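Here the structure is laid out as structure tokens; the discussion comes afterwards.
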Amino acid sequence: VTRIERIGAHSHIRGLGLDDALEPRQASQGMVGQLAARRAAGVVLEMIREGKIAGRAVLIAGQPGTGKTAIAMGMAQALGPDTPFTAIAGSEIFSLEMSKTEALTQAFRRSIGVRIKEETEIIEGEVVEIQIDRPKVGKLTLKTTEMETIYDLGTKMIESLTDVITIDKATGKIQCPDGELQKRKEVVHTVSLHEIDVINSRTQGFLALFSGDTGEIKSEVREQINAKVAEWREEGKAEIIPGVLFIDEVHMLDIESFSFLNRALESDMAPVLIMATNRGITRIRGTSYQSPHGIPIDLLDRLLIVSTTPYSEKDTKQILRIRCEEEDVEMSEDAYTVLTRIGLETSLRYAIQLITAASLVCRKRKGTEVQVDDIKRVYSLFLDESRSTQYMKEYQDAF
Amino acid sequence: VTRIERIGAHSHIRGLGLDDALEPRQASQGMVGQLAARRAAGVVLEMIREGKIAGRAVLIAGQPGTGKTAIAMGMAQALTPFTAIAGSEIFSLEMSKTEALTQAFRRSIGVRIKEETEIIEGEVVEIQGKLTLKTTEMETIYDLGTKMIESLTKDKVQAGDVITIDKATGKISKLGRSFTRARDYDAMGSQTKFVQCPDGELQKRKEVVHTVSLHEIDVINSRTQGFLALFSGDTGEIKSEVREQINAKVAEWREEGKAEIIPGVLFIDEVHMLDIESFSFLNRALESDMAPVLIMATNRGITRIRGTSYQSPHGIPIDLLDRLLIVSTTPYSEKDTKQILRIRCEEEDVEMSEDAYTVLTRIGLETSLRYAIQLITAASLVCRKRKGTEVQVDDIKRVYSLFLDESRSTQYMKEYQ
Amino acid sequence: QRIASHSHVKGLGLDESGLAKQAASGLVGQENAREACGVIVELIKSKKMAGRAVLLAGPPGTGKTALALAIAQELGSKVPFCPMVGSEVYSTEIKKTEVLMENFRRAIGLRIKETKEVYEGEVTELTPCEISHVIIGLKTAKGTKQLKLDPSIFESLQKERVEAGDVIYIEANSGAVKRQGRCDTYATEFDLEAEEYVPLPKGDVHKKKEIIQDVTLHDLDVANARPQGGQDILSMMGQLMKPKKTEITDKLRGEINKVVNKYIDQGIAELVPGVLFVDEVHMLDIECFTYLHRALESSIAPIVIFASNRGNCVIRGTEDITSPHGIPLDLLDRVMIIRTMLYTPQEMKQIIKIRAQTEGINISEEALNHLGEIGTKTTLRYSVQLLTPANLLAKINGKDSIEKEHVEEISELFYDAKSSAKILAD
Amino acid sequence: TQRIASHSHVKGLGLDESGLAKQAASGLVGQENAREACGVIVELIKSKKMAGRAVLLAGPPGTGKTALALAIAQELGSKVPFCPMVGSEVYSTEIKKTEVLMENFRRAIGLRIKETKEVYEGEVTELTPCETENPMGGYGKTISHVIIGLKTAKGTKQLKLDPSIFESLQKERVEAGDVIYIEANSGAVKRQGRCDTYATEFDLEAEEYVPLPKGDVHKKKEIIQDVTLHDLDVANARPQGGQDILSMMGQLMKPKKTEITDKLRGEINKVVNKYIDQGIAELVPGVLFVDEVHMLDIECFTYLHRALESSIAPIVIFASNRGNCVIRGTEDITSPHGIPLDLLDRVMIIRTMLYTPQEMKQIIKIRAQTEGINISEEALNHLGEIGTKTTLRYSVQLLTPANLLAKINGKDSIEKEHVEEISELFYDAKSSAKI
Amino acid sequence: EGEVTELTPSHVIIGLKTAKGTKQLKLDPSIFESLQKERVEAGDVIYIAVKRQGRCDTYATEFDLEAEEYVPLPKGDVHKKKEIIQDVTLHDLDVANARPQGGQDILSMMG
Amino acid sequence: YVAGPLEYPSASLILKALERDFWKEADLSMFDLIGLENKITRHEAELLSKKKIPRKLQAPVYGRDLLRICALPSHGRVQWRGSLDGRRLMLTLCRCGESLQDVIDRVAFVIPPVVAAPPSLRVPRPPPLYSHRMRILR
Ligand SMILES: Nc1ncnc2c1ncn2[C@@H]1O[C@H](COP(=O)(O)OP(=O)(O)O)[C@@H](O)[C@H]1O
Ligand SMILES: Nc1ncnc2c1ncn2[C@@H]1O[C@H](COP(=O)(O)OP(=O)(O)O)[C@@H](O)[C@H]1O
Ligand SMILES: Nc1ncnc2c1ncn2[C@@H]1O[C@H](COP(=O)(O)OP(=O)(O)O)[C@@H](O)[C@H]1O
Ligand SMILES: Nc1ncnc2c1ncn2[C@@H]1O[C@H](COP(=O)(O)OP(=O)(O)O)[C@@H](O)[C@H]1O
């Protein structure tokens, strides 16, 4: 019953609420407000889907709690599978086994996909206790419900016959399956430029699933792989698909990372870099230069800014009702009004915390529907950030 | 034909042009001006050649572009191990500053080792239990022991192979058959290349001299030696293995004459960037017996010492300044500037007019000298574009208008982006 | 083609006389910097000088990187061109100086001329005689013969699991590989063996062709930084640090240079010095600038192009020393500085039109005027970025070209650095 | 190659029989009180009664602190180990500072280990005298003794060894005519190789023929091996013998100098004490001369003033050259000599005054003598005057270049003109400060 | 589990004997034991992915003094399947799949 | 717990991403690692014993063959192999605080923990397996 993907904060959103003409809606796909920002998100999503342009970046600015990451997650969901979406934070680049610049340029590798189609022949069959052990060509009783083929094979194939014997181009591999044994299966695999790492050394897929690999071989395995995958393109071998790289709280990047991104977005296979920041006028990390959003101007000019206005009472209560639908909480209109007030006063995330605590208290007191007294007792029990700040007068081990 | 090394920034100086009595000439081996600095360079070069003492350091001071690096490269070319490095090269992530600096010091010293061993070489006629080794002037049969029999099989020795075997049963099949190559018409193995049959006495003792630097500590560092001698090698370099073993072995070889040391020179360009730790280490390292002659270069005056808030002359501690012989250079004059520009034009295969030389010297006096050194080739290329046979004033003026100098660049920065 | 930020730049735009055209080869205006670029490109093509430096200094968004890419295109793929960034020097397993030296070495290339021939032959004819002499048969679609090989080739062959009816390639000097099947493996109707087959090769039994492989000194260094494999030294597992910490110059790089010079004198190899374009030079530390102004003085250093976007500021790693272009006066001198000037509104509109033509976007007259106005308002890059979503919305709304309404709407939707800072005061 | 170093004239403290100081103190001049303190501390070291004691050679630059340090070191002699270290060497990127300090302390301590082994060697003539079967059991064929006819260069001596060793004889290729290496207690046979007398010039083989042994068959080889405690630590640290250690990739990174206290102390100390009190070894504590001690971080001094508290710590000779300066690694914490005030209380300060101009002249003259170049009276006086003006170390460096200038000018002795010319060709930092 | 009665060999046809009965298992070569694991009289317990030589069979009467210690014949059937409800954390599986230590290929052991 | 291996499905062209055309890989004789099989003395000996061009031991084909076979042996070099060979107590410890005990017993007594859930190794599953990679792995 209980799955890994339990109910989360950004779980209610399951898409972007836009029309055919990218026209936002009042309430759809878990999206309530941010009409202009939602339309911008849809525009950039359609641009990414086009894939004809490369080396573009976008920044989602706005105050904390104004749907900054919600719009990004909605764009990711609307993008759907089959397109890489590397979601990371500004603190991930700070790795030890690899340099921050190398970590970033590898994250870029995780944002560009490539589809490859393989046409192979796979034979049917069933295990009937073939290839007995100790106790020549041998015997192979290949048979299917539709048609049977009782024939033998060489010595290097009788020892690999064994419930469903799915012989393929490899040295064999494992009710009787139906249909002709000879069947053409066209399988398509999508990798995020894994060739740079999957061909780094011997037994290197081990590294691809371990990250133990140190800084890749600069300008020796990344450019050759790019040239080879380009040769594949235009020849019917493979085609590359651009993904998205989402760096939440990008202000943690340093001047080095910004200077590297300045030119990383100027390549043929440069993915669309969407970013988000809550800080305003703040010193760029590693220096004392104060710039907006903590990002230098030479990079902010290379991207498009997307502002997210704050939510109102209507949008606040609508998002609260959407979260209720996501969860299993139910309350009365008076409770809705009280929660909307508390949220518009303090914050929306704190309001969601309070409504969760109120549903829990209701479940504890055997109640069926949360009421005003429940949320009041909750607010009394769980204090707010600003509320606790007022009580800081106690001087609890100051600096 | 273009080669690896070509005309560069310090290729015009073929050496430290000096007389027999260390009397600096006006300009002989491409170098001009800096008479006192040239004589000091010659004196320190003679000191290096003498090798009578150890642990001597010389500091080359002067303003930027005064030929300090030029004098250093001239001394190096006239000087025979030489190691040129910068303050940033010793800074290594996997090796502490002290370890890298010690490695550089030991690599700046050379050591010649004479090796004499008995060698037996000749064409193999037939084996077996016993060998029948042939040479141009004679042939001999040898009885093979168990070790020799095993080596004859682990390596596919056969008739015609020009084998070689010294003592310690160290057999070698250097190259393949001589005459039999005929019937190998189409394909020829990778290692099975052919050689001429040796001549002279079958068994002969050969004396060879092996030249290696004192940095051989890496060879005796780990189980595998040749591997670490190519890349960074080992980073530890335990003090024991360095001093108690290598130094004592070199001393014993010197006593018995098996080896002889030749102290080189360690040129650390731009020493001002070194940390106080490196200077404190040098203070002692220059006191050791097998210490090479150190040369430095710095463009700093009263500047802060990296790693501390203290300021001292040349940006280095006073503790070390009392251990160096400062050789300050003098800025070039009109005549010296014109002469070095003439030398640069002659080396770069560039012909310019007298008025062109005058304008170039005026520019090099109003601006840096390297600016004019670059304007030389720039105007040469402009003239080539115009298809002219000689560079005129128009070309140098066009280049001066195209490429900006530090002064004009800073003056035109009023935009402030 | 996935148009990039510098795709329309397919050249430098110099005429036969050397002067820079007003607008050609994708570039617009900037005649002085283009002339300097066309002079330094000839300097590079001369292949006689070494270590000469260049600095494409100028305000942001002036096309210094565009000029660098134009130089790279004009030079052609026959000479190496290493695009480099300052942040890349901050490696974790290699010291900054060593990364810089590796980039310098990569910026030098050499072409290896060689004439290799093959001796493809049939395995079914394998008939050794004496292990001392072996014979293999030849059967191709154009001829049939036989060859005689050294027993070493027979050993290297039997090392592989050769089988009757396979196609094996035998090089005249060394090496051998197997290709299974020659239109006989699928005939017997035996199932697959984890490998794909191939028909018999066409052409003569013995082939010879001229080979030219473009290899750079850094490849030689990396190859010589390992035991090359072979015996038990071939031990290689995951996490292997192929980009090893460092490699000494006197005994490893020196030997590479010596062998390259030897093979060049023999006429087998041909050197082709490349270019090292280091972008965001101001990001390098002072301990990097001090080694850079010395390494570029060597007789082997190639041409290095620099580009400093920001102006005078504190140098990295110093926190007290301030120099113009964020580069110390030591390295600033000896580097030819090429000042890049700002673009005029007409030049901005022309660049916008060229970008629209290259990317396929079609803009109207009034639309182009409005886009150029929005660009000169804040910066040209903002208009270049808005150009695409304008046509995207036009297509969404059913319009083929961009109009004033679409450009105005997309400008109001998104925001630029100036507009963002204006509203950020809240 | 003599390879004269910077300051090699120092040969010892040169103290009289009474312990006082003199001028011609075996190369080193002046510094009476300092050389007397050096004599006291070297007498302490020789006593080998106290441990973990530190001494500070505080003094302005040029006072020859390192000179007197090397002097006391030479006086100690090559018998006891002397490990010189500078504060910069403590900064290691692979091993922590305190562990490097402990390794240096271990190196400073010496240990002579003796080893006596009774071994028999010589050309073997194997023969088994047939003996009646085991008398306790039935009858048959047995061997009660095995006689080996070891023949040495001095003569022949048959040994009636135990019969159980016959397995070892058959194990190795011990045939009549080869040299074997017998062991008294163990008895294991290790064939050295055939005798050179049978090495016919026509036989091609090496490492198989060895010369006959010189001396009696019974040889009691006494060998002594002096290895510092750090050597034993390193030897017991890394493994040896199989265990797939032959790998290259995952094992070539030998720099695992990281060390723990459990192995360093404890078992090693106990086995050392067992060898000492048993008569197999003799402990030899040395000295650890640490110059530029002010260069160490406070994290180093805080470990030093704790390691010096141990009973096994050797004698340490600190030599600080700086004065009142902020301790490294601390936020503007000024302390005397750049050393925390807490560590200065645990060290004896040996003050060294500045050299008198007469002492400067003496030093210049003795350095010229060591170099092997004659200097005239006027030239020596000028050298002394310039050494009084600027730092003294500048004058001594003007000898070799002036000597070469004189030799090139056609004269032998260094005339005043030569030093005058060199003073203008080369000058000091005090004059170079005029930027 | 059971005393090894036969160890004749890639695939090894081992024979395990217990109080219930005897079964000749057609075990895979990957389980072939490297150490002593005597062909007879050795008590072994195997599960599918490593073998454990529990102890020597109860032959204490064969010799009066032997280095090997003995355990009684297992009374449980040779082939038995038991369901174990093991509690583990996700990070365990994560770090295990990160650097696995199972299998038998030489590359694994070298890694 | 014995967890199953994580199957990593991937395309086949991935494994063929760094393979270069056989008619484009030139013979790189720049490998200075030949100092593991050649000596400086033997290097000089080979240089001083190179067969001359005549080599007096279909006619034009044989001449071209002789020419190409004379070209290759001219290559000779060595860094160092002779200089390397020309230059060159395991006491018992308790490993713990116990007075005296066999180290084997020490290690055998205290072994509480076993791995939580070790699976087998990961295995890429490209339905096509190129002969080159499989041969190299074998
Ligand atoms: N328009 C909206 N529709 C639905 N849910 C929203 C909307 N805006 C915000 N939310 C929710 O309100 C909270 C806002 O937090 P978020 O915007 O993610 O903060 P930040 O972006 O600063 O990390 C999230 O739980 C988000 O899911
Ligand atoms: N006396 C001289 N003779 C020849 N060339 C000189 C001379 N002085 C300076 N140069 C030239 O000046 C250029 C730069 O000088 P540089 O050596 O960088 O000064 P610094 O010694 O301060 O580093 C060099 O390319 C060199 O060719
Ligand atoms: N002379 C020119 N003609 C046409 N387009 C130009 C010209 N110079 C710059 N551009 C455009 O302006 C943009 C500036 O990019 P870039 O060269 O990175 O600016 P910067 O000068 O900051 O490096 C480029 O994308 C390029 O397409
Ligand atoms: N008393 C002395 N007699 C002779 N030479 C001396 C004397 N004192 C110092 N020197 C000389 O001073 C030089 C260095 O002294 P040093 O021990 O390094 O002092 P510091 O370390 O304080 O500079 C040595 O080369 C030595 O020749």
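As you go down the protein sequences, you meet chains A, B, C, D, E and F in turn. Here the working numbering is used: the first residue of the first sequence is 115, the next is one more, and so on. Here the working numbering is used: the first residue of the second sequence is 1276, the next is one more, and so on. Here the working numbering is used: the first residue of the third sequence is -15, the next is one more, and so on. Here the working numbering is used: the first residue of the fourth sequence is 784, the next is one more, and so on. Here the working numbering is used: the first residue of the fifth sequence is 197, the next is one more, and so on. Here the working numbering is used: the first residue of the sixth sequence is 7, the next is one more, and so on. Note that CB positions come from ideal geometry on N, CA and C, so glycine has one too.
{"Query": "Taking the straight line between their C-alpha atoms, what separation do you get for A:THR259 and A:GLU238?", "Result": "10 angstroms"}
{"Query": "Which bits of chain A does F:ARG93 rub up against, with CB to CB less than 8 angstroms?", "Result": "The contacting residues do not exist; F:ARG93 stays about 33 angstroms from chain A at best."}
{"Query": "Going along chain C, which residues have a C-beta under 9 angstroms from F:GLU31?", "Result": "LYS100, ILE195 and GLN197"}
{"Query": "What three-state label does DSSP hand C:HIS117 in the structure shown?", "Result": "strand"}
{"Query": "In chain order, what residues of the same chain lie with their CB nearer than 8 angstroms to the CB of B:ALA1534, ignoring the 5 residues before and after it?", "Result": "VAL1386, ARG1387, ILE1388, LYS1389, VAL1525 and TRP1528"}
{"Query": "If you compare alpha carbons, which of E:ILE280, E:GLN300, E:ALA292 and E:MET305 is closest to E:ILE227?", "Result": "E:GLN300"}
{"Query": "What are the partner residues of E:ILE227, as DSSP defines its beta bridges?", "Result": "Per DSSP, none; premise fails for E:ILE227."}
{"Query": "For D:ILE1146, verify whether its CB is less than 7 angstroms away from any heavy atom of ligand 4.", "Result": "yes"}
{"Query": "For chain F, is any of its Cβ atoms less than 8 angstroms away from the one on C:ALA178?", "Result": "yes"}
{"Query": "For A:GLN148, is the classification buried or exposed, using 16 other Cβ atoms within 10 angstroms of its Cβ as the cut-off for buried?", "Result": "buried"}
{"Query": "Do D:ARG895 and D:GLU1065 have their beta-carbon atoms positioned less than 8 angstroms apart in this structure?", "Result": "yes"}
{"Query": "Evaluate D:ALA936 with the Cβ neighbour count: other Cβ atoms within 10 Å of its Cβ, from every protein chain shown; 16 or more gives buried, anything less gives exposed.", "Result": "exposed"}
{"Query": "Can you look up D:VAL1000 in the DSSP assignment and give me helix, strand or coil?", "Result": "coil"}
{"Query": "Quick one: list the residues of chain A neighbouring E:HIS207, beta-carbon separation under 8 angstroms, in chain order.", "Result": "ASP247 and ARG248"}
{"Query": "Measuring CB to CB, does B:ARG1458 end up less than 8 angstroms from B:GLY1435?", "Result": "no"}
{"Query": "What separation, rounded to the nearest whole angstrom, lies between the Cα atoms of B:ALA1329 and B:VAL1540?", "Result": "11 angstroms"}
{"Query": "In three-state DSSP terms, what is B:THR1428?", "Result": "helix"}
{"Query": "Mind listing which residues of the stretch 317 to 335 of chain A have their C-beta closer than 8 angstroms to chain F's C-betas, in chain order?", "Result": "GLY319, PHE320, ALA322, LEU323 and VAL335"}
{"Query": "Give the secondary structure of D:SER871 by DSSP, where H, G and I count as helix, E and B as strand, and everything else as coil.", "Result": "helix"}
{"Query": "Decide if B:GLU1609 is buried, meaning its Cβ has at least 16 other Cβ atoms within 10 Å, or exposed.", "Result": "exposed"}
{"Query": "Can you tell me whether E:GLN282 is helix, strand or coil according to DSSP?", "Result": "coil"}
{"Query": "Examine ligand 2 and report whether any of its heavy atoms sits within less than 7 angstroms of the Cβ of B:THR1341.", "Result": "yes"}
{"Query": "Confirm the yes/no value for this check: CB of A:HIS124, any heavy atom of ligand 3, distance under 7 angstroms.", "Result": "no"}
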